[PDB]
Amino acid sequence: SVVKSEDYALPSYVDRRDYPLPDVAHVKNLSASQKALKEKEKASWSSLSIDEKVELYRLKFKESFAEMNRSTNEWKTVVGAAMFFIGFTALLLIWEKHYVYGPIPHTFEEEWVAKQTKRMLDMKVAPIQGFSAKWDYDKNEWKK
């Protein structure tokens, strides 16, 4: 069949699990041999071949349940593309760090941090849980 855009006010064919018998047949114009097949259908169905039963089905319906519910590999593309563009974002970050950001403050130098840590332990920062609680003041080392 050929569905057209001005047909929007006319009943249309859908394949949905939940609306199994759509408003129109998939195929509405019949060849000479298809008309003769519709004629055969009026007689006993034991007389139809497999091929003829199948063609009857395909005139009425576009996809079978098995076809309409098939799963796909789309997930792989979606996830792979997502990861690619996430990885691409890292290039912008490398760029920014290289050409935009200047140096960080000197308070992040290793020696500053060691000292600053000691003072923090001297003033018992978060002595109950957070920080100083993790320092062994007797053995003078981080609690194991």
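In case it trips you up, residue 1 is the first one in the sequence shown, and so on.
- Looking at the C-alpha B-factors along this chain, the one for residue 63 belongs to the lowest third.
- Per-chain ranking of the deposited C-alpha B factor places residue 115 in the highest third.
- Per-chain ranking of the deposited C-alpha B factor places residue 70 in the highest third.
- In this PDB entry, residue 26 carries a Cα temperature factor that places it within the lowest third of its chain's modelled residues.
- In this PDB entry, residue 133 carries a Cα temperature factor that places it within the highest third of its chain's modelled residues.
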